[PDB]
Structure formats: structure tokens, C-alpha cells
file model01.cif (mmCIF, N, CA and C atoms and all ligand atoms)
data_entry
loop_
_atom_site.label_atom_id
_atom_site.label_comp_id
_atom_site.auth_asym_id
_atom_site.auth_seq_id
_atom_site.Cartn_x
_atom_site.Cartn_y
_atom_site.Cartn_z
N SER J 979 134.93 79.79 71.98
CA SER J 979 136.12 79.52 71.15
C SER J 979 135.69 78.73 69.90
N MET J 980 136.57 78.64 68.91
CA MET J 980 136.32 77.85 67.68
C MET J 980 136.24 76.37 68.08
N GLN J 981 137.05 75.92 69.03
CA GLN J 981 137.04 74.52 69.51
C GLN J 981 135.66 74.20 70.11
N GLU J 982 135.07 75.14 70.86
CA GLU J 982 133.72 74.93 71.46
C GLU J 982 132.68 74.88 70.31
N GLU J 983 132.78 75.74 69.31
CA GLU J 983 131.83 75.69 68.18
C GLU J 983 131.97 74.33 67.42
N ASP J 984 133.17 73.80 67.25
CA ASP J 984 133.44 72.46 66.66
C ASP J 984 132.76 71.36 67.54
N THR J 985 132.82 71.45 68.86
CA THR J 985 132.11 70.52 69.78
C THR J 985 130.60 70.52 69.45
N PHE J 986 129.95 71.68 69.46
CA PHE J 986 128.49 71.75 69.16
C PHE J 986 128.14 71.24 67.75
N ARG J 987 129.02 71.45 66.75
CA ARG J 987 128.79 70.95 65.36
C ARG J 987 128.81 69.42 65.36
N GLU J 988 129.73 68.81 66.11
CA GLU J 988 129.79 67.33 66.23
C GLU J 988 128.47 66.87 66.91
N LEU J 989 128.01 67.54 67.97
CA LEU J 989 126.74 67.17 68.65
C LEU J 989 125.60 67.19 67.62
N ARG J 990 125.48 68.24 66.82
CA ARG J 990 124.40 68.32 65.80
C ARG J 990 124.49 67.17 64.79
N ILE J 991 125.66 66.79 64.29
CA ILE J 991 125.87 65.69 63.30
C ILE J 991 125.36 64.39 63.97
N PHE J 992 125.76 64.16 65.21
CA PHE J 992 125.34 62.94 65.96
C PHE J 992 123.80 62.91 66.09
N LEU J 993 123.16 64.02 66.52
CA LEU J 993 121.68 64.07 66.76
C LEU J 993 120.92 63.90 65.44
N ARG J 994 121.36 64.48 64.33
CA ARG J 994 120.69 64.27 63.02
C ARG J 994 120.72 62.80 62.60
N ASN J 995 121.83 62.10 62.86
CA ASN J 995 121.99 60.67 62.49
C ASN J 995 121.05 59.82 63.36
N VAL J 996 121.02 60.03 64.66
CA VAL J 996 120.08 59.26 65.54
C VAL J 996 118.62 59.49 65.07
N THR J 997 118.26 60.76 64.82
CA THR J 997 116.86 61.16 64.49
C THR J 997 116.46 60.52 63.13
N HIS J 998 117.35 60.53 62.12
CA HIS J 998 117.10 59.86 60.81
C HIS J 998 116.81 58.36 61.01
N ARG J 999 117.60 57.68 61.85
CA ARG J 999 117.42 56.22 62.06
C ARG J 999 116.01 55.96 62.67
N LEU J 1000 115.56 56.78 63.63
CA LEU J 1000 114.18 56.66 64.21
C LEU J 1000 113.16 56.94 63.11
N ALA J 1001 113.36 57.97 62.29
CA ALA J 1001 112.34 58.45 61.33
C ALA J 1001 112.10 57.46 60.17
N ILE J 1002 113.08 56.60 59.84
CA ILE J 1002 112.89 55.60 58.75
C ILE J 1002 112.30 54.29 59.28
N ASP J 1003 112.19 54.07 60.57
CA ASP J 1003 111.67 52.80 61.12
C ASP J 1003 110.15 52.79 60.92
N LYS J 1004 109.58 51.78 60.23
CA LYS J 1004 108.13 51.76 59.95
C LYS J 1004 107.25 51.89 61.21
N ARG J 1005 107.69 51.43 62.36
CA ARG J 1005 106.89 51.45 63.63
C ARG J 1005 106.62 52.92 64.02
N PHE J 1006 107.50 53.84 63.60
CA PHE J 1006 107.46 55.22 64.15
C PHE J 1006 106.92 56.21 63.15
N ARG J 1007 106.33 55.75 62.03
CA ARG J 1007 105.79 56.68 61.03
C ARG J 1007 104.81 57.68 61.65
N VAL J 1008 103.97 57.27 62.59
CA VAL J 1008 102.92 58.14 63.22
C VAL J 1008 103.57 59.34 63.96
N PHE J 1009 104.86 59.24 64.28
CA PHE J 1009 105.56 60.30 65.04
C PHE J 1009 106.41 61.18 64.11
N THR J 1010 106.37 61.01 62.80
CA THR J 1010 107.30 61.71 61.84
C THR J 1010 106.84 63.13 61.48
N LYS J 1011 105.56 63.48 61.67
CA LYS J 1011 105.01 64.82 61.31
C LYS J 1011 104.04 65.25 62.41
N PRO J 1012 103.76 66.57 62.51
CA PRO J 1012 102.79 67.04 63.50
C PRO J 1012 101.40 66.43 63.28
N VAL J 1013 100.65 66.24 64.35
CA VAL J 1013 99.21 65.79 64.26
C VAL J 1013 98.47 66.90 63.50
N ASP J 1014 97.68 66.54 62.48
CA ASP J 1014 96.98 67.51 61.59
C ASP J 1014 95.76 68.09 62.31
N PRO J 1015 95.70 69.40 62.60
CA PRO J 1015 94.58 69.92 63.39
C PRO J 1015 93.22 69.83 62.66
N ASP J 1016 93.25 69.68 61.34
CA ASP J 1016 92.02 69.44 60.53
C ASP J 1016 91.43 68.07 60.85
N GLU J 1017 92.28 67.04 60.86
CA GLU J 1017 91.87 65.62 61.08
C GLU J 1017 91.55 65.39 62.56
N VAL J 1018 92.23 66.11 63.46
CA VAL J 1018 92.09 65.86 64.94
C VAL J 1018 91.93 67.18 65.68
N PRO J 1019 90.72 67.79 65.67
CA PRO J 1019 90.59 69.15 66.18
C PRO J 1019 90.67 69.26 67.71
N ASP J 1020 90.40 68.22 68.50
CA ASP J 1020 90.59 68.37 69.96
C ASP J 1020 92.08 68.14 70.35
N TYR J 1021 92.97 67.77 69.43
CA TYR J 1021 94.37 67.36 69.83
C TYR J 1021 95.05 68.50 70.59
N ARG J 1022 95.01 69.71 70.04
CA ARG J 1022 95.71 70.90 70.62
C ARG J 1022 94.95 71.49 71.81
N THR J 1023 93.74 71.04 72.13
CA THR J 1023 93.12 71.40 73.43
C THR J 1023 93.63 70.47 74.52
N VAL J 1024 93.94 69.20 74.23
CA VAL J 1024 94.43 68.26 75.24
C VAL J 1024 95.95 68.45 75.42
N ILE J 1025 96.68 68.44 74.29
CA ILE J 1025 98.16 68.41 74.31
C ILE J 1025 98.69 69.86 74.15
N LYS J 1026 99.30 70.34 75.21
CA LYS J 1026 99.73 71.77 75.27
C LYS J 1026 101.08 72.02 74.59
N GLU J 1027 101.97 71.03 74.44
CA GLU J 1027 103.24 71.22 73.69
C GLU J 1027 103.43 70.02 72.73
N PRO J 1028 102.82 70.09 71.55
CA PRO J 1028 102.99 69.07 70.50
C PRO J 1028 104.47 68.92 70.13
N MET J 1029 104.90 67.68 69.82
CA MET J 1029 106.30 67.47 69.33
C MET J 1029 106.30 66.25 68.37
N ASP J 1030 107.22 66.25 67.40
CA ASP J 1030 107.34 65.16 66.38
C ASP J 1030 108.76 65.20 65.81
N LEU J 1031 109.13 64.17 65.06
CA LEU J 1031 110.54 63.99 64.60
C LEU J 1031 110.95 65.05 63.54
N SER J 1032 110.01 65.53 62.71
CA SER J 1032 110.29 66.62 61.74
C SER J 1032 110.62 67.92 62.49
N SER J 1033 109.88 68.22 63.56
CA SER J 1033 110.14 69.43 64.41
C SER J 1033 111.51 69.27 65.09
N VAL J 1034 111.81 68.05 65.54
CA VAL J 1034 113.15 67.81 66.20
C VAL J 1034 114.31 68.14 65.22
N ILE J 1035 114.28 67.67 63.97
CA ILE J 1035 115.37 68.03 63.00
C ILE J 1035 115.39 69.56 62.83
N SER J 1036 114.23 70.20 62.63
CA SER J 1036 114.22 71.70 62.53
C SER J 1036 114.94 72.33 63.74
N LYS J 1037 114.67 71.85 64.95
CA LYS J 1037 115.29 72.41 66.18
C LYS J 1037 116.82 72.14 66.19
N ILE J 1038 117.29 70.96 65.74
CA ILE J 1038 118.76 70.71 65.67
C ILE J 1038 119.40 71.80 64.80
N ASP J 1039 118.81 72.05 63.66
CA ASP J 1039 119.35 73.00 62.65
C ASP J 1039 119.29 74.46 63.18
N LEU J 1040 118.35 74.78 64.05
CA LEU J 1040 118.22 76.12 64.71
C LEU J 1040 119.15 76.26 65.90
N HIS J 1041 120.00 75.26 66.21
CA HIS J 1041 120.91 75.27 67.39
C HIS J 1041 120.16 75.35 68.71
N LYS J 1042 119.00 74.69 68.84
CA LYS J 1042 118.22 74.65 70.07
C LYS J 1042 118.80 73.68 71.10
N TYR J 1043 119.50 72.62 70.67
CA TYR J 1043 120.04 71.62 71.61
C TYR J 1043 121.55 71.82 71.76
N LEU J 1044 122.00 72.06 72.99
CA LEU J 1044 123.46 72.18 73.33
C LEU J 1044 123.93 70.98 74.15
N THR J 1045 123.03 70.03 74.44
CA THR J 1045 123.40 68.77 75.13
C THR J 1045 122.51 67.61 74.63
N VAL J 1046 122.94 66.38 74.81
CA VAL J 1046 122.04 65.22 74.50
C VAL J 1046 120.90 65.23 75.52
N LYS J 1047 121.08 65.65 76.78
CA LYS J 1047 119.99 65.78 77.77
C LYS J 1047 118.82 66.64 77.23
N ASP J 1048 119.09 67.78 76.61
CA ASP J 1048 118.00 68.66 76.11
C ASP J 1048 117.31 67.99 74.89
N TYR J 1049 118.05 67.25 74.06
CA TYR J 1049 117.43 66.47 72.94
C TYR J 1049 116.47 65.40 73.50
N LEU J 1050 116.95 64.63 74.50
CA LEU J 1050 116.12 63.53 75.09
C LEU J 1050 114.88 64.09 75.79
N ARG J 1051 114.84 65.32 76.28
CA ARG J 1051 113.62 65.92 76.85
C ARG J 1051 112.55 66.02 75.76
N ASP J 1052 112.91 66.30 74.50
CA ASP J 1052 111.92 66.32 73.37
C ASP J 1052 111.51 64.87 72.96
N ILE J 1053 112.43 63.92 72.90
CA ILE J 1053 112.03 62.48 72.63
C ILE J 1053 111.04 62.05 73.74
N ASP J 1054 111.32 62.35 75.01
CA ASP J 1054 110.41 62.04 76.13
C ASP J 1054 109.06 62.73 75.96
N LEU J 1055 109.01 63.96 75.44
CA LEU J 1055 107.73 64.69 75.21
C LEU J 1055 106.90 64.04 74.08
N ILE J 1056 107.53 63.55 73.00
CA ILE J 1056 106.81 62.76 71.95
C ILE J 1056 106.14 61.56 72.61
N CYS J 1057 106.85 60.84 73.44
CA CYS J 1057 106.34 59.60 74.10
C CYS J 1057 105.22 59.96 75.13
N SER J 1058 105.46 60.93 76.02
CA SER J 1058 104.45 61.29 77.06
C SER J 1058 103.17 61.85 76.40
N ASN J 1059 103.23 62.66 75.34
CA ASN J 1059 102.06 63.18 74.59
C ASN J 1059 101.21 61.98 74.10
N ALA J 1060 101.85 60.95 73.50
CA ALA J 1060 101.10 59.78 72.96
C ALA J 1060 100.43 59.04 74.12
N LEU J 1061 101.09 58.85 75.25
CA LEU J 1061 100.48 58.11 76.40
C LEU J 1061 99.27 58.89 76.95
N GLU J 1062 99.33 60.22 76.95
CA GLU J 1062 98.27 61.07 77.56
C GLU J 1062 97.08 61.23 76.60
N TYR J 1063 97.31 61.38 75.29
CA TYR J 1063 96.23 61.57 74.32
C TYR J 1063 95.51 60.21 74.05
N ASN J 1064 96.22 59.10 74.20
CA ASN J 1064 95.64 57.76 73.78
C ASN J 1064 95.64 56.78 74.93
N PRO J 1065 94.88 57.02 76.05
CA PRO J 1065 95.05 56.24 77.28
C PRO J 1065 94.15 55.00 77.50
N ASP J 1066 93.32 54.70 76.53
CA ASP J 1066 92.16 53.75 76.67
C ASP J 1066 92.60 52.31 76.40
N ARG J 1067 91.70 51.33 76.69
CA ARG J 1067 92.01 49.88 76.55
C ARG J 1067 91.89 49.42 75.10
N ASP J 1068 91.34 50.17 74.22
CA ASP J 1068 91.08 49.61 72.91
C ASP J 1068 92.38 49.45 72.10
N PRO J 1069 92.33 48.55 71.10
CA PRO J 1069 93.55 48.17 70.40
C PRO J 1069 94.30 49.35 69.71
N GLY J 1070 93.60 50.34 69.18
CA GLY J 1070 94.28 51.45 68.47
C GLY J 1070 95.11 52.26 69.47
N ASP J 1071 94.56 52.54 70.65
CA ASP J 1071 95.28 53.26 71.76
C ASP J 1071 96.41 52.38 72.25
N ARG J 1072 96.21 51.06 72.43
CA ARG J 1072 97.28 50.22 73.00
C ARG J 1072 98.46 50.13 71.99
N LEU J 1073 98.18 50.09 70.70
CA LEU J 1073 99.21 49.95 69.64
C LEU J 1073 100.08 51.24 69.64
N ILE J 1074 99.45 52.42 69.67
CA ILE J 1074 100.25 53.70 69.64
C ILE J 1074 101.07 53.84 70.93
N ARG J 1075 100.54 53.45 72.09
CA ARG J 1075 101.31 53.51 73.37
C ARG J 1075 102.53 52.58 73.24
N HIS J 1076 102.32 51.33 72.73
CA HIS J 1076 103.46 50.40 72.56
C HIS J 1076 104.57 50.99 71.63
N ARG J 1077 104.15 51.63 70.55
CA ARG J 1077 105.09 52.24 69.57
C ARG J 1077 105.79 53.41 70.26
N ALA J 1078 105.07 54.21 71.04
CA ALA J 1078 105.66 55.40 71.74
C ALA J 1078 106.74 54.94 72.71
N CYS J 1079 106.50 53.90 73.52
CA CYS J 1079 107.46 53.34 74.46
C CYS J 1079 108.67 52.79 73.67
N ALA J 1080 108.44 52.16 72.52
CA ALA J 1080 109.53 51.60 71.67
C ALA J 1080 110.40 52.75 71.08
N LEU J 1081 109.80 53.86 70.71
CA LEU J 1081 110.57 55.05 70.18
C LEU J 1081 111.49 55.53 71.30
N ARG J 1082 110.98 55.77 72.51
CA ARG J 1082 111.78 56.25 73.65
C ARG J 1082 112.89 55.24 73.97
N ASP J 1083 112.55 53.95 74.12
CA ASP J 1083 113.56 52.93 74.50
C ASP J 1083 114.66 52.76 73.41
N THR J 1084 114.29 52.87 72.12
CA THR J 1084 115.24 52.77 71.00
C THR J 1084 116.21 53.99 71.06
N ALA J 1085 115.67 55.20 71.23
CA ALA J 1085 116.55 56.41 71.31
C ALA J 1085 117.55 56.25 72.45
N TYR J 1086 117.08 55.88 73.65
CA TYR J 1086 118.00 55.76 74.80
C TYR J 1086 119.06 54.65 74.54
N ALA J 1087 118.67 53.54 73.91
CA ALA J 1087 119.61 52.42 73.66
C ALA J 1087 120.71 52.80 72.65
N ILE J 1088 120.34 53.53 71.59
CA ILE J 1088 121.34 54.06 70.59
C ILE J 1088 122.29 54.99 71.34
N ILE J 1089 121.79 55.92 72.14
CA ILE J 1089 122.65 56.88 72.89
C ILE J 1089 123.53 56.11 73.90
N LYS J 1090 123.00 55.14 74.62
CA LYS J 1090 123.87 54.37 75.58
C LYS J 1090 125.04 53.69 74.84
N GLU J 1091 124.85 53.14 73.66
CA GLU J 1091 125.89 52.42 72.89
C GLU J 1091 126.84 53.39 72.17
N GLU J 1092 126.37 54.57 71.75
CA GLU J 1092 127.13 55.35 70.72
C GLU J 1092 127.57 56.73 71.21
N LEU J 1093 127.04 57.26 72.28
CA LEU J 1093 127.46 58.57 72.86
C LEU J 1093 128.58 58.31 73.87
N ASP J 1094 129.74 58.94 73.73
CA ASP J 1094 130.77 58.89 74.79
C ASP J 1094 130.36 59.80 75.96
N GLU J 1095 130.39 59.28 77.19
CA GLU J 1095 129.96 60.02 78.42
C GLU J 1095 130.83 61.28 78.60
N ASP J 1096 132.10 61.26 78.18
CA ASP J 1096 133.01 62.43 78.34
C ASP J 1096 132.66 63.52 77.28
N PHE J 1097 132.12 63.12 76.11
CA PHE J 1097 131.63 64.09 75.09
C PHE J 1097 130.40 64.81 75.64
N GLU J 1098 129.45 64.10 76.23
CA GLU J 1098 128.26 64.75 76.85
C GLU J 1098 128.69 65.67 78.01
N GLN J 1099 129.64 65.25 78.84
CA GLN J 1099 130.08 66.08 80.01
C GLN J 1099 130.71 67.37 79.49
N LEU J 1100 131.50 67.32 78.38
CA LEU J 1100 132.11 68.51 77.77
C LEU J 1100 130.99 69.49 77.31
N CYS J 1101 129.98 68.98 76.57
CA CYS J 1101 128.84 69.85 76.13
C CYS J 1101 128.17 70.51 77.37
N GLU J 1102 127.90 69.78 78.45
CA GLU J 1102 127.20 70.27 79.67
C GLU J 1102 128.06 71.41 80.29
N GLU J 1103 129.39 71.24 80.32
CA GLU J 1103 130.33 72.24 80.92
C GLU J 1103 130.43 73.50 80.05
N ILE J 1104 130.46 73.40 78.73
CA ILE J 1104 130.43 74.60 77.87
C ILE J 1104 129.07 75.31 78.13
N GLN J 1105 127.94 74.58 78.07
CA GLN J 1105 126.55 75.17 78.27
C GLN J 1105 126.50 75.98 79.60
N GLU J 1106 127.02 75.39 80.68
CA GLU J 1106 126.98 75.97 82.06
C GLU J 1106 127.86 77.22 82.16
N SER J 1107 128.86 77.35 81.27
CA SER J 1107 129.77 78.53 81.21
C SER J 1107 129.16 79.70 80.44
N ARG J 1108 128.04 79.54 79.73
CA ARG J 1108 127.57 80.59 78.79
C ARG J 1108 126.67 81.57 79.56
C1 LIG Y 1 100.52 60.78 67.73
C2 LIG Y 1 99.14 60.72 68.38
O1 LIG Y 1 98.96 60.78 69.56
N1 LIG Y 1 98.02 60.59 67.50
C3 LIG Y 1 96.57 60.51 67.87
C4 LIG Y 1 95.76 60.80 66.45
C5 LIG Y 1 94.55 60.14 66.36
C6 LIG Y 1 94.55 59.28 65.32
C7 LIG Y 1 94.27 59.97 63.99
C8 LIG Y 1 93.18 59.95 63.11
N2 LIG Y 1 93.46 60.77 62.07
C9 LIG Y 1 94.68 61.36 62.21
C10 LIG Y 1 95.21 60.89 63.41
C11 LIG Y 1 96.52 61.15 64.10
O2 LIG Y 1 97.37 61.89 63.68
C12 LIG Y 1 96.67 60.35 65.44
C13 LIG Y 1 98.17 60.47 65.99
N3 LIG Y 1 96.15 58.96 65.33
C14 LIG Y 1 96.52 58.33 64.60
#

call {"tool": "encode", "arguments": {"input": "model01.cif", "output": "C-alpha cells", "more": "lines below"}}
Ligand SMILES: CC(=O)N1C[C@@H]2C[C@H]3c4c[nH]cc4C(=O)[C@]2(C1)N3C
result
Amino acid sequence: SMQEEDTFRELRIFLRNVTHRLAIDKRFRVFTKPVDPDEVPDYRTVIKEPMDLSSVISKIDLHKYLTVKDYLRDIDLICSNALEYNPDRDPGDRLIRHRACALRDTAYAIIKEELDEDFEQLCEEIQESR
């Protein structure tokens, strides 16, 4: 229905606003674009599904996310990729792991404060009907 298409349009407006707020935070600059395969040639042998905040906005605009749950699976993949590629005790690995955990915790905290639980349940019920 047109009312269901209006629901998904509101979901996209909300996800673009959350993603912009993460992308301007100086702590998260390393997660704003794909890892450059020229600069890091073993990256795509270790990490089988690369993800970053520029790819996330592209996916919102392609109508890939029909729930906040499917959006958070990609925020979780940005964080888990950083923990798996950079697992060592040295300061550069520890700094990126700390930033990755802060990106995930910031996204979940914005959604807990600003997403209505009945708006998410409506999106999940339209998705399950398709
Ligand atoms: C997000 C993530 O896991 N990394 C690991 C890469 C290694 C190191 C680097 C050196 N030159 C480009 C680089 C990157 O893009 C990354 C981003 N680092 C900063």
C-alpha cells in the first residue's frame, strides 16, 4: 500500500540521519570509506565481507534495509571486521578495536533513545508479509 511505502521512506530518513551523525565523529573517520586494496593487499584475503559507512548510505538509498535490525547487522559487521583484522596487543590495533566498539555502542545508544519500538515492530510486520 502507499501507507506501507510511506513507512519505509520514514525508516530511510531515520537511518540516513543516524549514519551521518556517526560519519562526522572524528573517532570514526577510519570506518567512513572502504579499506584501499592498494594500501592493504591482504585485507580482502582475511575479511570476506568488507563494510563501511559510505557503503551503508549507498545501501539505504538502494532500499536494502526494511528494518532497523537489518541496518544494525551491517553496523555489527563494521565492528566485527575491525576486531578480527586488528587483534594484536600493540597500540595501533588496540586503538582501532576501541574505536570499533565505540561506533557499535554509539549506534545502539542513538537507536535506544530515538527509535520508537512500535515503529520497528510495524516495519518487521510489513517485511514478514512480503
Ligand atoms: C578498518 C580496518 O580494519 N583497517 C586496518 C588497515 C590497516 C591500517 C592501514 C594502513 N594503510 C591503510 C590502512 C587502513 O585502511 C587500515 C583500516 N588501518 C588503518

call {"tool": "residues_near_point", "arguments": {"input": "model01.cif", "point": "(110.4, 59.0, 65.5)", "cutoff": "6.5 Å", "atoms": "only N, CA and C atoms", "output": "PyMOL selection string"}}
result
chain J and resi 1000-1001+1006-1007+1009-1010+1030-1031+1081

call {"tool": "atom_distance", "arguments": {"input": "model01.cif", "atom1": "atom N of residue J:1024", "atom2": "atom CA of residue J:1076"}}
result
21.1 Å

call {"tool": "residues_near_ligand", "arguments": {"input": "model01.cif", "ligand": "ligand LIG 1 (chain Y)", "cutoff": "5 Å", "atoms": "only N, CA and C atoms and all ligand atoms", "output": "VMD selection string"}}
result
chain J and resid 1013 to 1014 1060

call {"tool": "write_last_selection", "arguments": {"input": "model01.cif", "atoms": "N, CA and C atoms", "output": "tab-separated table (two decimals), in the coordinates of the input"}}
result
chain	number	residue	atom	x	y	z
J	1013	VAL	N	100.65	66.24	64.35
J	1013	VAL	CA	99.21	65.79	64.26
J	1013	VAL	C	98.47	66.90	63.50
J	1014	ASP	N	97.68	66.54	62.48
J	1014	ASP	CA	96.98	67.51	61.59
J	1014	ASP	C	95.76	68.09	62.31
J	1060	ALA	N	101.85	60.95	73.50
J	1060	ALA	CA	101.10	59.78	72.96
J	1060	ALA	C	100.43	59.04	74.12

call {"tool": "residues_around", "arguments": {"input": "model01.cif", "residues": "residue J:993", "least_positions_apart": "5", "cutoff": "8 Å", "atoms": "only C-alpha atoms", "output": "mmCIF file with N, CA and C atoms, keeping the file's coordinate frame"}}
result
data_model
loop_
_atom_site.group_PDB
_atom_site.id
_atom_site.type_symbol
_atom_site.label_atom_id
_atom_site.label_comp_id
_atom_site.auth_asym_id
_atom_site.auth_seq_id
_atom_site.Cartn_x
_atom_site.Cartn_y
_atom_site.Cartn_z
ATOM 1 N N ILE J 1038 117.290 70.960 65.740
ATOM 2 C CA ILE J 1038 118.760 70.710 65.670
ATOM 3 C C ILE J 1038 119.400 71.800 64.800
ATOM 4 N N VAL J 1046 122.940 66.380 74.810
ATOM 5 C CA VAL J 1046 122.040 65.220 74.500
ATOM 6 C C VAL J 1046 120.900 65.230 75.520
ATOM 7 N N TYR J 1049 118.050 67.250 74.060
ATOM 8 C CA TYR J 1049 117.430 66.470 72.940
ATOM 9 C C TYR J 1049 116.470 65.400 73.500
#

call {"tool": "atom_distance", "arguments": {"input": "model01.cif", "atom1": "atom N of residue J:1087", "atom2": "atom N of residue J:1063"}}
result
22.8 Å

call {"tool": "closest_residue", "arguments": {"input": "model01.cif", "among": "J:1059, J:1089, J:985, J:1095", "to": "residue J:1074", "atoms": "only C-alpha atoms"}}
result
J:1059

call {"tool": "atom_distance", "arguments": {"input": "model01.cif", "atom1": "atom N of residue J:992", "atom2": "atom N of residue J:979"}}
result
19.3 Å

call {"tool": "build_atoms", "arguments": {"input": "model01.cif", "residues": "stretch 1043-1054 of chain J", "atoms": "N, CA, C and O atoms", "output": "PDB file, in the frame of the given file"}}
result
ATOM      1  N   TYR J1043     119.500  72.620  70.670  1.00  0.00           N
ATOM      2  CA  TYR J1043     120.040  71.620  71.610  1.00  0.00           C
ATOM      3  C   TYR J1043     121.550  71.820  71.760  1.00  0.00           C
ATOM      4  O   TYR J1043     122.295  71.779  70.735  1.00  0.00           O
ATOM      5  N   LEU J1044     122.000  72.060  72.990  1.00  0.00           N
ATOM      6  CA  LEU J1044     123.460  72.180  73.330  1.00  0.00           C
ATOM      7  C   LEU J1044     123.930  70.980  74.150  1.00  0.00           C
ATOM      8  O   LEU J1044     125.132  70.952  74.524  1.00  0.00           O
ATOM      9  N   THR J1045     123.030  70.030  74.440  1.00  0.00           N
ATOM     10  CA  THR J1045     123.400  68.770  75.130  1.00  0.00           C
ATOM     11  C   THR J1045     122.510  67.610  74.630  1.00  0.00           C
ATOM     12  O   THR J1045     121.384  67.931  74.150  1.00  0.00           O
ATOM     13  N   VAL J1046     122.940  66.380  74.810  1.00  0.00           N
ATOM     14  CA  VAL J1046     122.040  65.220  74.500  1.00  0.00           C
ATOM     15  C   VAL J1046     120.900  65.230  75.520  1.00  0.00           C
ATOM     16  O   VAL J1046     119.787  64.771  75.148  1.00  0.00           O
ATOM     17  N   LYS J1047     121.080  65.650  76.780  1.00  0.00           N
ATOM     18  CA  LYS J1047     119.990  65.780  77.770  1.00  0.00           C
ATOM     19  C   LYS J1047     118.820  66.640  77.230  1.00  0.00           C
ATOM     20  O   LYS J1047     117.621  66.211  77.339  1.00  0.00           O
ATOM     21  N   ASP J1048     119.090  67.780  76.610  1.00  0.00           N
ATOM     22  CA  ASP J1048     118.000  68.660  76.110  1.00  0.00           C
ATOM     23  C   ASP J1048     117.310  67.990  74.890  1.00  0.00           C
ATOM     24  O   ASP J1048     116.071  68.184  74.710  1.00  0.00           O
ATOM     25  N   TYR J1049     118.050  67.250  74.060  1.00  0.00           N
ATOM     26  CA  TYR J1049     117.430  66.470  72.940  1.00  0.00           C
ATOM     27  C   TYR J1049     116.470  65.400  73.500  1.00  0.00           C
ATOM     28  O   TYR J1049     115.263  65.224  73.027  1.00  0.00           O
ATOM     29  N   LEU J1050     116.950  64.630  74.500  1.00  0.00           N
ATOM     30  CA  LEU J1050     116.120  63.530  75.090  1.00  0.00           C
ATOM     31  C   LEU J1050     114.880  64.090  75.790  1.00  0.00           C
ATOM     32  O   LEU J1050     113.843  63.324  75.879  1.00  0.00           O
ATOM     33  N   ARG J1051     114.840  65.320  76.280  1.00  0.00           N
ATOM     34  CA  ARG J1051     113.620  65.920  76.850  1.00  0.00           C
ATOM     35  C   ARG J1051     112.550  66.020  75.760  1.00  0.00           C
ATOM     36  O   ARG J1051     111.337  65.720  76.087  1.00  0.00           O
ATOM     37  N   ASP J1052     112.910  66.300  74.500  1.00  0.00           N
ATOM     38  CA  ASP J1052     111.920  66.320  73.370  1.00  0.00           C
ATOM     39  C   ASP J1052     111.510  64.870  72.960  1.00  0.00           C
ATOM     40  O   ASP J1052     110.300  64.682  72.594  1.00  0.00           O
ATOM     41  N   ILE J1053     112.430  63.920  72.900  1.00  0.00           N
ATOM     42  CA  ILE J1053     112.030  62.480  72.630  1.00  0.00           C
ATOM     43  C   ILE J1053     111.040  62.050  73.740  1.00  0.00           C
ATOM     44  O   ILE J1053     109.975  61.470  73.402  1.00  0.00           O
ATOM     45  N   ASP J1054     111.320  62.350  75.010  1.00  0.00           N
ATOM     46  CA  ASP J1054     110.410  62.040  76.130  1.00  0.00           C
ATOM     47  C   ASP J1054     109.060  62.730  75.960  1.00  0.00           C
ATOM     48  O   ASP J1054     108.025  62.054  76.355  1.00  0.00           O
TER      49      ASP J1054
END
